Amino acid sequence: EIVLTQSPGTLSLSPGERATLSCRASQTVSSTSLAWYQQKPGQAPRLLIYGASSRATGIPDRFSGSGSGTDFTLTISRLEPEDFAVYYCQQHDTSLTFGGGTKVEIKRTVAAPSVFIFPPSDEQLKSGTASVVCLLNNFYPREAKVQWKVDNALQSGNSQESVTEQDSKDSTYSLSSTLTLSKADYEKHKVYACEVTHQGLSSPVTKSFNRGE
């Protein structure tokens, strides 16, 4: 078994700059049996480099294949707007394995999220479930701490987060946290708050509401 380790696996670079992606094997892989792949969000993967260096047919000048032994690299001389995607290395020295991938992200300025709280609708409460939504709107970077405080009790194993792909204009992220709770469990509490900590914020920001107000 050979394992290809791609670090950092999520690379933040400004457009037009050099991108140096890394693929490290557990065991020496012959240069003639290692390849690179591009995958833009929601699309199929395409072959960039094969035999460590050799470009595929419909590949621009930007992409340069390098590396030998265990430490291989994929070089993008200039990051064009279409280049910000996910990249996988692959070996067939022994069997066939892929790497973990590396998302090349657009590096934006620090942007704080606009936080919005949403009470469960009365229609949903008729259906005997309650889902309170905490919304983070347009922020960078991606990492954010979202905590659910119900009354004062910190919520753990009932929350679920979902985050969009990077914006196609301002290059920001938006995150949605949804706290699902049964009707019976919902009406046992008064205060429903979501606290958000992010690099861009001057202080943790709390949005809250009283149950039936």
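One rule holds for the numbers: they count along the sequence shown, beginning at 1.
With respect to the recorded C-alpha B factors, which stretch has the higher mean value, 190 to 198 or 13 to 21?
It is 13 to 21 that shows the higher mean C-alpha B-factor.
Divide the modelled residues of the chain into thirds by Cα B-factor and specify which third, lowest, middle or highest, holds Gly99.
For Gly99, whose C-alpha B-factor we compare with every modelled residue in the chain, the answer is the lowest third.
Place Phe72 in the lowest, middle or highest third of its chain's C-alpha B-factors, as listed in the PDB entry.
According to the entry, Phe72 has a C-alpha B-factor in the chain's highest third.
Taking the values exactly as deposited, rank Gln124 by C-alpha B-factor within its chain and report the matching third: lowest, middle or highest.
For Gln124, whose C-alpha B-factor we compare with every modelled residue in the chain, the answer is the highest third.
Once the chain's modelled residues are ordered by C-alpha B factor and cut into thirds, is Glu82 in the lowest, middle or highest one?
Within its chain, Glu82 is a highest-third residue by C-alpha B-factor, going by the deposited values.
Ranking every modelled residue in this chain by its Cα temperature factor as given in the entry, which third contains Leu175?
Tercile = lowest for this residue's CA B-factor.
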